């Protein structure tokens, strides 16, 4: 009932990582800020963002949202591979069909939240993952991963943000801000900066919305006494760097021992680290890690913090722990395996 508002990059391209920063200002109930959108009308169509599901403030139900529509070219189901502790996966229907993950998340007005999605190929399927950085708390969280049963799909086209009223409370104002929009290109793994974006009301004949920019962010609002100062829409440019500011992967190894024919290797990322994408461990029979490993543990997931494995090992082994973050930064540590360690 409030008119929709779309904020669209001028220069987006097919991507495997998409990122934007968002801050809520006015939060009417029944508002979805879908900060990422992809593949509309197409294979692996989806979106993700933030909702005010009820109430006008922090005492209402505030959530993250993530949905992918059912495959066109397969009868196989989308799987919810991982959901965070405050996340719930369910099948949606009556609006096409597909999978959504709704996550209770206590986001706050005038604070910034970075939503970063990554898509990757694995096992002949495509995975889509949702990560969120609470900027004020300097903390990343893995929210959910969907396993889509079609290969070679990406965030191919259609990058945009919308603010929408889904229930019909047009008297109530909704307003938010965005900045730091970036994609990682499929073509060359370089970053594209969405420094120029267009703000445009959904209904050309409805001016009950507004938008603009400061030096730091784009802002938009709709509903109530909102009235456009920019006609049907306008393009704005932010002074963001051509390259995104990417943190560092940093972790502590917490165990590395072998006892009673069980190998246990675990770690904890620092609270200030970029989030874990994947891990691998190679076990060598020698300190220099020459030759072939005697054992390899592959495909440790984003949501796994190490291994416990029934295994036979000789006396003097060494572990090569190779962790990679969601930005493909790798940090490798070598650790001597403590033979007997509860002991």
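Positions refer to the first chain, counted from 1.
> For the C-alpha atoms alone, is the average B factor greater in 283-291 or in 28-36, going by the entry?
Between 28-36 and 283-291, it is 283-291.
> According to the deposited model, is the average Cα temperature factor higher in 239-247 or in 188-196?
That would be 239-247.
> Of 71, 144, 151, 204, which one's C-alpha B factor is largest in the deposited record?
The C-alpha B-factor peaks, among 71, 144, 151, 204, at 204.
> In terms of recorded Cα temperature factor, pick the maximum from 275, 49, 46, 314.
Among 275, 49, 46, 314, the highest C-alpha B-factor in the entry belongs to 314.
> Is residue 88 in the lowest, middle or highest third of its chain when residues are ranked by C-alpha B-factor?
Highest third, going by the recorded CA B-factors of the chain.
> Sorting the chain's modelled residues by C-alpha B-factor, tell me whether residue 115 ends up in the lowest, middle or highest third.
According to the entry, residue 115 has a C-alpha B-factor in the chain's lowest third.
> Using only modelled residues of the chain, where does the Cα B factor of residue 12 rank: lowest third, middle third or highest third?
As the PDB entry reports it, the C-alpha B-factor of residue 12 lands in the middle third of its chain.
> Can you tell me whether residue 318 has a C-alpha B-factor in the lowest, middle or highest third compared with the other modelled residues of the same chain?
According to the entry, residue 318 has a C-alpha B-factor in the chain's middle third.
> Sort the modelled residues of this chain by their C-alpha B factor and say whether residue 225 lands in the lowest, middle or highest third.
Its C-alpha B-factor, which the entry lists for residue 225, ranks in the highest third among residues of this chain.
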